[PDB]
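K.L.:
Coordinates in final14.cif, mmCIF, C-alpha atoms and all ligand atoms, are listed below.
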data_start
#
loop_
_atom_site.group_PDB
_atom_site.id
_atom_site.type_symbol
_atom_site.label_atom_id
_atom_site.label_comp_id
_atom_site.auth_asym_id
_atom_site.auth_seq_id
_atom_site.Cartn_x
_atom_site.Cartn_y
_atom_site.Cartn_z
ATOM 1 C CA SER X 215 66.014 158.075 147.524
ATOM 2 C CA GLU X 216 62.785 156.456 146.309
ATOM 3 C CA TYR X 217 61.901 152.762 146.697
ATOM 4 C CA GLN X 218 64.536 151.670 149.228
ATOM 5 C CA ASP X 219 62.491 148.927 150.868
ATOM 6 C CA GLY X 220 64.495 145.853 149.893
ATOM 7 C CA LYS X 221 61.958 144.856 147.239
ATOM 8 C CA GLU X 222 62.417 144.343 143.490
ATOM 9 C CA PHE X 223 61.942 146.974 140.722
ATOM 10 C CA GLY X 224 63.257 150.498 140.261
ATOM 11 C CA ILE X 225 62.259 153.570 138.275
ATOM 12 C CA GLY X 226 62.166 152.923 134.508
ATOM 13 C CA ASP X 227 61.593 149.160 134.839
ATOM 14 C CA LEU X 228 59.239 147.546 132.324
ATOM 15 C CA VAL X 229 56.894 145.235 134.245
ATOM 16 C CA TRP X 230 53.646 143.302 134.132
ATOM 17 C CA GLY X 231 51.268 144.521 136.813
ATOM 18 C CA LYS X 232 48.264 142.632 138.148
ATOM 19 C CA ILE X 233 45.130 144.414 139.297
ATOM 20 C CA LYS X 234 42.094 142.462 140.537
ATOM 21 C CA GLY X 235 39.685 141.821 137.668
ATOM 22 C CA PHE X 236 42.286 142.370 134.951
ATOM 23 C CA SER X 237 44.822 140.286 133.069
ATOM 24 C CA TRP X 238 48.499 141.048 133.724
ATOM 25 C CA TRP X 239 49.030 144.417 132.022
ATOM 26 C CA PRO X 240 52.304 146.052 130.883
ATOM 27 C CA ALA X 241 53.472 149.137 132.732
ATOM 28 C CA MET X 242 56.510 151.172 133.581
ATOM 29 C CA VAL X 243 57.667 151.837 137.120
ATOM 30 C CA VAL X 244 57.723 155.624 137.742
ATOM 31 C CA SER X 245 58.728 158.014 140.510
ATOM 32 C CA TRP X 246 55.891 159.304 142.659
ATOM 33 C CA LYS X 247 56.836 162.775 141.418
ATOM 34 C CA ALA X 248 55.536 161.909 137.943
ATOM 35 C CA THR X 249 52.153 160.928 139.376
ATOM 36 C CA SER X 250 51.086 164.187 141.006
ATOM 37 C CA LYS X 251 49.781 162.160 143.965
ATOM 38 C CA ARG X 252 51.805 161.004 146.977
ATOM 39 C CA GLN X 253 54.848 158.934 147.828
ATOM 40 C CA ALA X 254 54.229 155.180 147.494
ATOM 41 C CA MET X 255 53.830 153.141 150.714
ATOM 42 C CA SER X 256 56.796 150.906 151.630
ATOM 43 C CA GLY X 257 56.683 147.726 149.540
ATOM 44 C CA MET X 258 54.704 149.452 146.751
ATOM 45 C CA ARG X 259 55.685 150.994 143.385
ATOM 46 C CA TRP X 260 53.951 153.593 141.269
ATOM 47 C CA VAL X 261 53.530 152.220 137.758
ATOM 48 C CA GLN X 262 52.151 153.927 134.686
ATOM 49 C CA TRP X 263 50.130 151.617 132.424
ATOM 50 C CA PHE X 264 50.979 151.385 128.738
ATOM 51 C CA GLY X 265 48.027 152.084 126.506
ATOM 52 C CA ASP X 266 46.129 154.361 128.864
ATOM 53 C CA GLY X 267 48.861 156.314 130.625
ATOM 54 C CA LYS X 268 47.181 156.149 134.061
ATOM 55 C CA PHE X 269 49.101 155.683 137.309
ATOM 56 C CA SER X 270 48.529 153.028 140.008
ATOM 57 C CA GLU X 271 50.245 152.238 143.298
ATOM 58 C CA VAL X 272 50.910 148.505 143.104
ATOM 59 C CA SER X 273 52.582 146.113 145.525
ATOM 60 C CA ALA X 274 55.973 144.909 144.375
ATOM 61 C CA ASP X 275 54.659 141.361 144.881
ATOM 62 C CA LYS X 276 52.035 142.018 142.202
ATOM 63 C CA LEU X 277 54.737 143.006 139.668
ATOM 64 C CA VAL X 278 57.010 140.911 137.466
ATOM 65 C CA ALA X 279 59.616 141.831 134.872
ATOM 66 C CA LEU X 280 58.200 142.391 131.394
ATOM 67 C CA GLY X 281 60.971 140.031 130.208
ATOM 68 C CA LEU X 282 59.037 137.118 131.680
ATOM 69 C CA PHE X 283 56.820 137.606 128.629
ATOM 70 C CA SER X 284 55.420 134.339 127.275
ATOM 71 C CA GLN X 285 54.724 133.538 130.944
ATOM 72 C CA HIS X 286 52.379 136.549 131.469
ATOM 73 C CA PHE X 287 51.165 137.543 128.038
ATOM 74 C CA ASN X 288 47.435 136.736 127.965
ATOM 75 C CA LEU X 289 46.544 135.482 124.499
ATOM 76 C CA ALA X 290 42.769 135.448 125.185
ATOM 77 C CA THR X 291 42.864 139.072 126.347
ATOM 78 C CA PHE X 292 44.975 139.999 123.308
ATOM 79 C CA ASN X 293 42.482 138.492 120.871
ATOM 80 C CA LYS X 294 39.553 140.036 122.714
ATOM 81 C CA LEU X 295 40.661 143.599 123.598
ATOM 82 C CA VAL X 296 41.959 146.222 121.190
ATOM 83 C CA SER X 297 43.166 148.216 124.223
ATOM 84 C CA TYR X 298 45.369 145.296 125.249
ATOM 85 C CA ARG X 299 46.839 145.069 121.724
ATOM 86 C CA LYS X 300 47.544 148.787 121.872
ATOM 87 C CA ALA X 301 49.179 148.420 125.308
ATOM 88 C CA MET X 302 51.428 145.686 123.938
ATOM 89 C CA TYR X 303 52.509 147.825 120.987
ATOM 90 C CA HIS X 304 53.578 150.731 123.204
ATOM 91 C CA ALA X 305 55.234 148.424 125.716
ATOM 92 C CA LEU X 306 57.163 146.418 123.130
ATOM 93 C CA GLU X 307 58.122 149.571 121.223
ATOM 94 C CA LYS X 308 59.714 150.863 124.424
ATOM 95 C CA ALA X 309 61.468 147.482 124.880
ATOM 96 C CA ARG X 310 62.637 147.410 121.287
ATOM 97 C CA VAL X 311 64.342 150.814 121.405
ATOM 98 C CA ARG X 312 66.011 149.959 124.703
ATOM 99 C CA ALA X 313 67.330 146.645 123.344
ATOM 100 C CA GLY X 314 68.569 148.270 120.152
ATOM 101 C CA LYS X 315 66.414 145.906 118.115
ATOM 102 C CA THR X 316 65.101 146.747 114.636
ATOM 103 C CA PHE X 317 62.258 145.264 112.600
ATOM 104 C CA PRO X 318 61.407 145.689 108.910
ATOM 105 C CA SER X 319 58.363 147.902 108.206
ATOM 106 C CA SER X 324 48.903 148.716 110.454
ATOM 107 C CA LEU X 325 48.710 147.875 114.189
ATOM 108 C CA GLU X 326 48.344 144.081 114.036
ATOM 109 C CA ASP X 327 51.005 144.153 111.305
ATOM 110 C CA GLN X 328 53.391 146.284 113.359
ATOM 111 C CA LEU X 329 52.829 144.085 116.406
ATOM 112 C CA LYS X 330 53.479 140.822 114.590
ATOM 113 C CA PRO X 331 57.309 140.856 114.513
ATOM 114 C CA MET X 332 57.430 142.578 117.919
ATOM 115 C CA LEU X 333 55.343 139.790 119.487
ATOM 116 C CA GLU X 334 57.497 137.120 117.845
ATOM 117 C CA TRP X 335 60.594 138.827 119.216
ATOM 118 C CA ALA X 336 59.077 139.114 122.692
ATOM 119 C CA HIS X 337 57.583 135.654 122.716
ATOM 120 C CA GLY X 338 60.857 134.228 121.411
ATOM 121 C CA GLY X 339 62.826 135.584 124.370
ATOM 122 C CA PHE X 340 63.888 139.056 123.149
ATOM 123 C CA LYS X 341 66.857 137.819 121.069
ATOM 124 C CA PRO X 342 69.696 138.595 120.663
ATOM 125 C CA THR X 343 69.913 140.669 123.862
ATOM 126 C CA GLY X 344 67.604 138.576 126.002
ATOM 127 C CA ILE X 345 65.891 140.287 128.918
ATOM 128 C CA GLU X 346 69.032 142.252 129.840
ATOM 129 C CA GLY X 347 68.375 144.533 126.872
ATOM 130 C CA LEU X 348 65.096 145.758 128.393
ATOM 131 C CA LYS X 349 66.784 147.606 131.261
ATOM 132 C CA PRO X 350 66.498 151.432 131.448
ATOM 133 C CA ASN X 351 69.298 153.965 130.698
ATOM 134 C CA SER E 215 69.372 145.399 164.135
ATOM 135 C CA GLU E 216 67.007 148.393 163.818
ATOM 136 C CA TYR E 217 64.289 148.843 166.484
ATOM 137 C CA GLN E 218 65.809 146.460 169.007
ATOM 138 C CA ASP E 219 65.342 148.777 171.974
ATOM 139 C CA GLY E 220 62.986 146.579 173.993
ATOM 140 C CA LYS E 221 59.912 148.558 172.890
ATOM 141 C CA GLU E 222 56.912 147.352 170.854
ATOM 142 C CA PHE E 223 56.482 147.276 167.011
ATOM 143 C CA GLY E 224 58.711 146.230 164.106
ATOM 144 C CA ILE E 225 59.084 146.864 160.371
ATOM 145 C CA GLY E 226 55.861 146.326 158.400
ATOM 146 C CA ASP E 227 53.482 146.475 161.391
ATOM 147 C CA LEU E 228 50.176 148.261 160.767
ATOM 148 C CA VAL E 229 49.475 150.782 163.513
ATOM 149 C CA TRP E 230 47.507 153.784 164.677
ATOM 150 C CA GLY E 231 49.695 156.784 165.364
ATOM 151 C CA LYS E 232 48.694 159.853 167.306
ATOM 152 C CA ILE E 233 50.176 163.240 166.539
ATOM 153 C CA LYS E 234 49.283 166.221 168.746
ATOM 154 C CA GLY E 235 46.257 167.967 167.262
ATOM 155 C CA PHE E 236 45.153 164.934 165.279
ATOM 156 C CA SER E 237 42.912 161.909 165.646
ATOM 157 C CA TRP E 238 44.597 158.521 165.581
ATOM 158 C CA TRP E 239 45.742 157.953 161.997
ATOM 159 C CA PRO E 240 46.708 154.644 160.362
ATOM 160 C CA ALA E 241 50.328 154.060 159.403
ATOM 161 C CA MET E 242 52.942 151.405 158.802
ATOM 162 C CA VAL E 243 56.240 151.035 160.663
ATOM 163 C CA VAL E 244 59.109 151.380 158.174
ATOM 164 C CA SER E 245 62.889 151.155 158.290
ATOM 165 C CA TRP E 246 64.653 154.485 158.498
ATOM 166 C CA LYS E 247 66.307 153.549 155.195
ATOM 167 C CA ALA E 248 62.923 153.925 153.486
ATOM 168 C CA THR E 249 62.585 157.497 154.747
ATOM 169 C CA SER E 250 65.630 159.160 153.198
ATOM 170 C CA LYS E 251 66.137 160.841 156.581
ATOM 171 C CA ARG E 252 68.008 160.148 159.797
ATOM 172 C CA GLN E 253 68.014 156.940 161.790
ATOM 173 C CA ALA E 254 65.371 156.924 164.563
ATOM 174 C CA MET E 255 66.338 157.763 168.153
ATOM 175 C CA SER E 256 66.151 155.032 170.791
ATOM 176 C CA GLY E 257 62.507 154.292 171.681
ATOM 177 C CA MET E 258 61.257 155.800 168.423
ATOM 178 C CA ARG E 259 59.834 154.294 165.215
ATOM 179 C CA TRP E 260 59.627 155.716 161.760
ATOM 180 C CA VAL E 261 56.088 155.408 160.446
ATOM 181 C CA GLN E 262 54.621 156.134 157.042
ATOM 182 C CA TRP E 263 51.070 157.483 157.088
ATOM 183 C CA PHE E 264 48.488 155.873 154.848
ATOM 184 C CA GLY E 265 46.810 158.388 152.582
ATOM 185 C CA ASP E 266 49.589 160.947 152.244
ATOM 186 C CA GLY E 267 52.582 158.568 152.291
ATOM 187 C CA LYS E 268 54.641 160.919 154.492
ATOM 188 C CA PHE E 269 57.107 159.878 157.201
ATOM 189 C CA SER E 270 57.150 160.772 160.910
ATOM 190 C CA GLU E 271 59.364 159.671 163.769
ATOM 191 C CA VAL E 272 57.007 158.658 166.553
ATOM 192 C CA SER E 273 57.596 157.309 170.029
ATOM 193 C CA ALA E 274 57.006 153.580 170.159
ATOM 194 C CA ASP E 275 54.904 154.224 173.260
ATOM 195 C CA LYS E 276 52.425 156.402 171.333
ATOM 196 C CA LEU E 277 51.580 153.658 168.791
ATOM 197 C CA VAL E 278 48.852 150.961 168.983
ATOM 198 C CA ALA E 279 48.217 147.925 166.770
ATOM 199 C CA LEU E 280 45.811 148.633 163.899
ATOM 200 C CA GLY E 281 43.971 145.532 165.131
ATOM 201 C CA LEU E 282 42.549 147.561 167.998
ATOM 202 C CA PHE E 283 40.276 149.053 165.391
ATOM 203 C CA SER E 284 36.997 150.406 166.723
ATOM 204 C CA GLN E 285 38.707 151.839 169.798
ATOM 205 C CA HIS E 286 40.815 154.173 167.689
ATOM 206 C CA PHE E 287 38.898 154.706 164.441
ATOM 207 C CA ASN E 288 37.318 158.157 164.656
ATOM 208 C CA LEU E 289 33.833 158.210 163.119
ATOM 209 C CA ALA E 290 33.514 161.975 163.441
ATOM 210 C CA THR E 291 36.863 162.579 161.713
ATOM 211 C CA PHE E 292 35.881 159.997 159.077
ATOM 212 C CA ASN E 293 32.662 161.838 158.215
ATOM 213 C CA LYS E 294 34.437 165.217 158.305
ATOM 214 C CA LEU E 295 37.681 164.699 156.285
ATOM 215 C CA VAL E 296 37.963 162.981 152.886
ATOM 216 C CA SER E 297 41.711 162.543 153.577
ATOM 217 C CA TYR E 298 40.928 160.360 156.582
ATOM 218 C CA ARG E 299 38.576 158.227 154.483
ATOM 219 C CA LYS E 300 41.263 157.840 151.830
ATOM 220 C CA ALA E 301 43.754 156.969 154.558
ATOM 221 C CA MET E 302 41.356 154.317 155.858
ATOM 222 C CA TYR E 303 40.885 152.892 152.385
ATOM 223 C CA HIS E 304 44.586 152.386 151.802
ATOM 224 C CA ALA E 305 45.217 151.017 155.285
ATOM 225 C CA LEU E 306 42.367 148.507 155.066
ATOM 226 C CA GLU E 307 43.356 147.495 151.545
ATOM 227 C CA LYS E 308 46.810 146.628 152.840
ATOM 228 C CA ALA E 309 45.213 144.775 155.774
ATOM 229 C CA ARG E 310 42.867 142.956 153.364
ATOM 230 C CA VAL E 311 45.696 141.626 151.195
ATOM 231 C CA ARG E 312 47.830 140.489 154.130
ATOM 232 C CA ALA E 313 44.788 138.736 155.573
ATOM 233 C CA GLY E 314 43.923 136.976 152.319
ATOM 234 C CA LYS E 315 40.471 138.538 152.696
ATOM 235 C CA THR E 316 38.450 139.563 149.643
ATOM 236 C CA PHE E 317 35.459 141.783 148.861
ATOM 237 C CA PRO E 318 32.938 141.615 145.977
ATOM 238 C CA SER E 319 33.008 144.639 143.625
ATOM 239 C CA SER E 324 33.098 154.228 144.414
ATOM 240 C CA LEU E 325 35.316 154.938 147.469
ATOM 241 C CA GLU E 326 32.871 154.780 150.408
ATOM 242 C CA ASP E 327 31.076 151.924 148.668
ATOM 243 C CA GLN E 328 34.344 149.997 148.541
ATOM 244 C CA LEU E 329 34.983 151.176 152.113
ATOM 245 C CA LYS E 330 31.622 149.974 153.479
ATOM 246 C CA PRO E 331 32.353 146.239 153.670
ATOM 247 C CA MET E 332 35.981 146.945 154.586
ATOM 248 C CA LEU E 333 34.998 149.016 157.617
ATOM 249 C CA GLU E 334 32.539 146.325 158.703
ATOM 250 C CA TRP E 335 35.208 143.639 158.375
ATOM 251 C CA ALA E 336 37.418 145.780 160.602
ATOM 252 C CA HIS E 337 34.868 146.838 163.225
ATOM 253 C CA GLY E 338 33.945 143.170 163.580
ATOM 254 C CA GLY E 339 37.438 141.982 164.437
ATOM 255 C CA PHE E 340 38.953 141.099 161.038
ATOM 256 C CA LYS E 341 37.286 137.663 160.782
ATOM 257 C CA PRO E 342 38.066 134.940 159.875
ATOM 258 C CA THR E 343 41.812 135.506 160.371
ATOM 259 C CA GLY E 344 41.306 137.998 163.184
ATOM 260 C CA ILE E 345 44.208 140.373 163.908
ATOM 261 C CA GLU E 346 46.759 137.592 163.294
ATOM 262 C CA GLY E 347 46.225 138.035 159.550
ATOM 263 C CA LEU E 348 47.397 141.648 159.697
ATOM 264 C CA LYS E 349 51.025 140.716 160.380
ATOM 265 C CA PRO E 350 53.772 141.420 157.794
ATOM 266 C CA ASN E 351 54.882 138.561 155.494
HETATM 267 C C1 LIG N 1 40.207 150.556 129.955
HETATM 268 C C2 LIG N 1 41.326 149.768 129.278
HETATM 269 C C3 LIG N 1 42.519 150.648 128.892
HETATM 270 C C4 LIG N 1 41.755 148.604 130.166
HETATM 271 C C5 LIG N 1 42.019 149.055 131.602
HETATM 272 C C6 LIG N 1 43.503 149.218 131.906
HETATM 273 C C7 LIG N 1 43.676 149.443 133.401
HETATM 274 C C8 LIG N 1 43.909 150.907 133.777
HETATM 275 N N1 LIG N 1 44.842 148.684 133.851
HETATM 276 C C9 LIG N 1 44.354 147.743 134.863
HETATM 277 C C10 LIG N 1 45.485 146.765 135.068
HETATM 278 C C11 LIG N 1 44.023 148.457 136.168
HETATM 279 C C1 LIG N 2 46.330 164.349 154.747
HETATM 280 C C2 LIG N 2 46.168 165.149 156.044
HETATM 281 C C3 LIG N 2 44.726 165.607 156.256
HETATM 282 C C4 LIG N 2 46.650 164.388 157.282
HETATM 283 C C5 LIG N 2 47.334 163.070 156.922
HETATM 284 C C6 LIG N 2 48.139 162.548 158.104
HETATM 285 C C7 LIG N 2 49.133 163.621 158.546
HETATM 286 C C8 LIG N 2 50.588 163.228 158.236
HETATM 287 N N1 LIG N 2 48.863 163.940 159.971
HETATM 288 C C9 LIG N 2 49.285 162.863 160.894
HETATM 289 C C10 LIG N 2 50.552 163.281 161.632
HETATM 290 C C11 LIG N 2 48.187 162.615 161.914
#
Could you express the structure from this file as structure tokens?
Ligand SMILES: CC(C)CCC[C@H](C)NC(C)C
Ligand SMILES: CC(C)CCC[C@H](C)NC(C)C
P.N.:
Amino acid sequence: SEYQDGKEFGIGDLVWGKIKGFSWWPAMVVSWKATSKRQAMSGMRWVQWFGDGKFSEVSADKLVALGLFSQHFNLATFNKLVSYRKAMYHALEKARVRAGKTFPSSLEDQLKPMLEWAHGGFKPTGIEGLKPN
Amino acid sequence: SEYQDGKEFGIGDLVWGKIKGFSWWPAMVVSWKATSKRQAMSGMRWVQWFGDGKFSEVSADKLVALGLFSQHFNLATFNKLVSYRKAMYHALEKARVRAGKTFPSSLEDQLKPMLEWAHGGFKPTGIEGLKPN
């Protein structure tokens, strides 16, 4: 099947992806069939970016697990860009549901406990709870 | 292991491949396990074409290193087919990263300095920077 190149990351994985000129941005690894383009080159993954829904073919070496959060979250970009805050909401919402996490009940106000959870290490599940399926 | 048949080219090598009826087209040697098809016959190599991401089993004797660039690049095809130009973009991008090369910030316009880097022997690394890993 897809992505059998001995590199990390499979379909459904929540990741940070790094494109030249941009901060690390959250994304989900997808099958090339979802992209309406072409099969990824060996060593690459198609990802779909949270916040804008676009697809990019990105080297596996330029991806890391979303669970390595406090290590790749860019606070300057977050303060500066509303699109980045939006991306984080959609990414962490996906993470939350997967981990079976719940928060008590505005964007910045919805984000706040989600960021704390993420930044704190995604407790109680830890990064294991972010896996697909 | 795979592709130990005494012939040239191993996994990850960037190459030109020639299929009957076509100009030389850029590709990367992959393991058969990436293809989701059969293992390659003796003397053959699975390649994945840049641009469309498809797989072909090609004789190892009908492949040449991407590094022999201007000899095999086909200017006429390039000007004629947008697919070829796209193929060149992806191939050179992969070459660029492996090399550690970088280009200051459209397709052709991004292609322009990449083609010139290639036609002029991939300086400063030369073709040694094109190797996998
Ligand atoms: C325009 C805004 C939504 C920010 C751009 C996000 C881009 C698509 N992700 C980059 C990592 C390539
Ligand atoms: C996209 C198309 C115009 C051609 C792309 C390369 C294919 C696979 N032909 C090669 C065998 C030379």
K.L.:
Superposition of chain E onto chain X by least squares over all sequentially paired C-alpha atoms; the transformed chain is requested as an mmCIF file with C-alpha atoms, in the frame of the given file.
P.N.:
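Final output, superposed37.cif:
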data_model
loop_
_atom_site.group_PDB
_atom_site.id
_atom_site.type_symbol
_atom_site.label_atom_id
_atom_site.label_comp_id
_atom_site.auth_asym_id
_atom_site.auth_seq_id
_atom_site.Cartn_x
_atom_site.Cartn_y
_atom_site.Cartn_z
ATOM 1 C CA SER E 215 66.169 157.435 147.905
ATOM 2 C CA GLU E 216 62.747 156.350 146.574
ATOM 3 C CA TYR E 217 61.943 152.602 146.489
ATOM 4 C CA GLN E 218 64.748 151.542 148.806
ATOM 5 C CA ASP E 219 62.591 149.230 150.901
ATOM 6 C CA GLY E 220 64.403 145.977 150.131
ATOM 7 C CA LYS E 221 61.778 144.916 147.569
ATOM 8 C CA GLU E 222 62.218 144.323 143.820
ATOM 9 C CA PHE E 223 61.946 146.878 140.929
ATOM 10 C CA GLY E 224 63.218 150.426 140.387
ATOM 11 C CA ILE E 225 62.420 153.497 138.283
ATOM 12 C CA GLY E 226 62.167 152.765 134.546
ATOM 13 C CA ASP E 227 61.747 148.977 134.864
ATOM 14 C CA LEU E 228 59.296 147.389 132.418
ATOM 15 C CA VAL E 229 56.878 145.102 134.237
ATOM 16 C CA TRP E 230 53.628 143.185 134.182
ATOM 17 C CA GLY E 231 51.181 144.389 136.793
ATOM 18 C CA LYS E 232 48.112 142.545 137.966
ATOM 19 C CA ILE E 233 45.047 144.389 139.174
ATOM 20 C CA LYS E 234 42.104 142.413 140.584
ATOM 21 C CA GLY E 235 39.691 141.646 137.757
ATOM 22 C CA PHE E 236 42.299 142.122 135.051
ATOM 23 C CA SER E 237 44.831 140.099 133.101
ATOM 24 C CA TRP E 238 48.476 140.981 133.612
ATOM 25 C CA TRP E 239 49.018 144.351 131.930
ATOM 26 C CA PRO E 240 52.335 145.924 130.891
ATOM 27 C CA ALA E 241 53.567 148.996 132.738
ATOM 28 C CA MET E 242 56.645 150.956 133.701
ATOM 29 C CA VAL E 243 57.793 151.742 137.242
ATOM 30 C CA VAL E 244 57.863 155.526 137.707
ATOM 31 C CA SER E 245 58.848 157.939 140.457
ATOM 32 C CA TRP E 246 55.961 159.244 142.508
ATOM 33 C CA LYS E 247 56.984 162.713 141.309
ATOM 34 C CA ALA E 248 55.822 161.758 137.809
ATOM 35 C CA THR E 249 52.349 160.903 139.100
ATOM 36 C CA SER E 250 51.229 164.220 140.575
ATOM 37 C CA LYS E 251 49.917 162.194 143.525
ATOM 38 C CA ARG E 252 51.187 160.998 146.883
ATOM 39 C CA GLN E 253 54.458 159.252 147.598
ATOM 40 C CA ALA E 254 54.132 155.435 147.548
ATOM 41 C CA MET E 255 53.749 153.491 150.804
ATOM 42 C CA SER E 256 56.559 151.179 151.903
ATOM 43 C CA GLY E 257 56.612 148.029 149.736
ATOM 44 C CA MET E 258 54.667 149.739 146.953
ATOM 45 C CA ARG E 259 55.637 151.040 143.496
ATOM 46 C CA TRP E 260 53.972 153.584 141.315
ATOM 47 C CA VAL E 261 53.474 152.174 137.835
ATOM 48 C CA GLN E 262 52.240 153.781 134.647
ATOM 49 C CA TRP E 263 50.213 151.497 132.388
ATOM 50 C CA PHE E 264 51.117 151.300 128.725
ATOM 51 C CA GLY E 265 48.169 152.076 126.492
ATOM 52 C CA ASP E 266 46.203 154.396 128.759
ATOM 53 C CA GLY E 267 49.131 156.151 130.480
ATOM 54 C CA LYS E 268 47.395 156.092 133.885
ATOM 55 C CA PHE E 269 49.090 155.639 137.265
ATOM 56 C CA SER E 270 48.476 152.995 139.946
ATOM 57 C CA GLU E 271 50.189 152.257 143.234
ATOM 58 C CA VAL E 272 50.896 148.538 143.204
ATOM 59 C CA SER E 273 52.567 146.239 145.688
ATOM 60 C CA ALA E 274 56.103 145.432 144.629
ATOM 61 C CA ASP E 275 55.262 141.789 145.315
ATOM 62 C CA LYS E 276 52.506 141.752 142.669
ATOM 63 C CA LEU E 277 54.846 142.839 139.832
ATOM 64 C CA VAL E 278 56.948 140.649 137.478
ATOM 65 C CA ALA E 279 59.638 141.607 134.955
ATOM 66 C CA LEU E 280 58.270 142.193 131.446
ATOM 67 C CA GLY E 281 61.015 139.790 130.346
ATOM 68 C CA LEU E 282 58.941 136.891 131.633
ATOM 69 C CA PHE E 283 56.851 137.436 128.547
ATOM 70 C CA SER E 284 54.961 134.381 127.343
ATOM 71 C CA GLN E 285 54.112 133.363 130.903
ATOM 72 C CA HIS E 286 52.110 136.529 131.461
ATOM 73 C CA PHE E 287 50.985 137.705 128.017
ATOM 74 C CA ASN E 288 47.310 136.787 127.694
ATOM 75 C CA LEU E 289 46.456 135.609 124.173
ATOM 76 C CA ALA E 290 42.734 135.479 124.888
ATOM 77 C CA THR E 291 42.698 139.042 126.257
ATOM 78 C CA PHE E 292 44.846 140.121 123.290
ATOM 79 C CA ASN E 293 42.343 138.773 120.758
ATOM 80 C CA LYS E 294 39.402 140.176 122.748
ATOM 81 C CA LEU E 295 40.422 143.790 123.629
ATOM 82 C CA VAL E 296 41.928 146.350 121.228
ATOM 83 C CA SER E 297 43.154 148.297 124.298
ATOM 84 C CA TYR E 298 45.334 145.362 125.320
ATOM 85 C CA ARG E 299 46.805 145.169 121.815
ATOM 86 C CA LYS E 300 47.542 148.892 121.898
ATOM 87 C CA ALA E 301 49.078 148.455 125.342
ATOM 88 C CA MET E 302 51.277 145.669 123.974
ATOM 89 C CA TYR E 303 52.340 147.807 121.039
ATOM 90 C CA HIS E 304 53.537 150.661 123.211
ATOM 91 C CA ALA E 305 55.237 148.384 125.726
ATOM 92 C CA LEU E 306 57.104 146.434 123.046
ATOM 93 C CA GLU E 307 58.053 149.615 121.208
ATOM 94 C CA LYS E 308 59.681 150.882 124.387
ATOM 95 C CA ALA E 309 61.370 147.486 124.841
ATOM 96 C CA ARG E 310 62.515 147.555 121.193
ATOM 97 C CA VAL E 311 64.235 150.933 121.519
ATOM 98 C CA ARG E 312 65.973 150.082 124.793
ATOM 99 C CA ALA E 313 67.174 146.837 123.232
ATOM 100 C CA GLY E 314 68.500 148.523 120.096
ATOM 101 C CA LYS E 315 66.307 146.077 118.170
ATOM 102 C CA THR E 316 64.694 147.081 114.877
ATOM 103 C CA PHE E 317 61.871 145.857 112.636
ATOM 104 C CA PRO E 318 61.335 146.301 108.865
ATOM 105 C CA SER E 319 58.234 148.348 107.930
ATOM 106 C CA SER E 324 48.934 148.641 110.378
ATOM 107 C CA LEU E 325 48.891 147.915 114.150
ATOM 108 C CA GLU E 326 48.755 144.095 114.326
ATOM 109 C CA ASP E 327 51.068 143.946 111.321
ATOM 110 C CA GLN E 328 53.598 146.052 113.211
ATOM 111 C CA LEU E 329 52.816 143.931 116.285
ATOM 112 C CA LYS E 330 53.409 140.578 114.550
ATOM 113 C CA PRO E 331 57.219 140.605 114.479
ATOM 114 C CA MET E 332 57.318 142.403 117.835
ATOM 115 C CA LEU E 333 55.303 139.679 119.554
ATOM 116 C CA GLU E 334 57.513 137.007 117.992
ATOM 117 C CA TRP E 335 60.651 138.798 119.170
ATOM 118 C CA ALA E 336 59.153 138.803 122.661
ATOM 119 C CA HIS E 337 57.785 135.251 122.786
ATOM 120 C CA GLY E 338 61.209 134.060 121.649
ATOM 121 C CA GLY E 339 63.128 135.650 124.502
ATOM 122 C CA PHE E 340 64.065 139.103 123.148
ATOM 123 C CA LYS E 341 67.072 137.889 121.114
ATOM 124 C CA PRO E 342 69.828 138.849 120.542
ATOM 125 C CA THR E 343 70.059 141.024 123.674
ATOM 126 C CA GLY E 344 67.713 138.815 125.672
ATOM 127 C CA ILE E 345 66.022 140.414 128.701
ATOM 128 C CA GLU E 346 69.210 142.331 129.585
ATOM 129 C CA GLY E 347 68.416 144.788 126.786
ATOM 130 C CA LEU E 348 65.130 145.767 128.426
ATOM 131 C CA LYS E 349 66.814 147.598 131.308
ATOM 132 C CA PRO E 350 66.502 151.404 131.690
ATOM 133 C CA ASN E 351 69.363 153.604 130.398
#
K.L.:
With distances taken over only C-alpha atoms, which residue among X:317, X:223, X:238, X:246 lies nearest chain E?
P.N.:
X:246
K.L.:
Skipping near chain neighbours, those fewer than 2 positions away, what residues fall within 10 Å of region 281-298 of chain X using only C-alpha atoms, listed as a PyMOL selection string?
P.N.:
chain X and resi 228-232+236-240+264-266+278-279+300-303+309+325-326+333+336-340+344-349
K.L.:
Name the residues in contact with residue 275 (chain E) at a cut-off of 10 Å, using all atoms listed in the file, excluding same-chain residues fewer than 5 positions from it; report them as a list in words.
P.N.:
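Close residues of residue 275 (chain E): residues 221, 222, 223, 231, 257, 258 and 259 of chain E.
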K.L.:
Given the selection you just returned, output its residues as a file containing C-alpha atoms, formatted as a short mmCIF file (atom, residue, chain, number, x, y, z; two decimals), keeping the file's coordinate frame.
P.N.:
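Result went into selection13.cif, see below:
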data_model
loop_
_atom_site.label_atom_id
_atom_site.label_comp_id
_atom_site.auth_asym_id
_atom_site.auth_seq_id
_atom_site.Cartn_x
_atom_site.Cartn_y
_atom_site.Cartn_z
CA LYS E 221 59.91 148.56 172.89
CA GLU E 222 56.91 147.35 170.85
CA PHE E 223 56.48 147.28 167.01
CA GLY E 231 49.70 156.78 165.36
CA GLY E 257 62.51 154.29 171.68
CA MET E 258 61.26 155.80 168.42
CA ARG E 259 59.83 154.29 165.22
#
K.L.:
Measuring between all atoms listed in the file, which one of E:234, E:310, E:251, E:341 shows the shortest distance to ligand LIG 2 (chain N)?
P.N.:
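Closest candidate: E:234.
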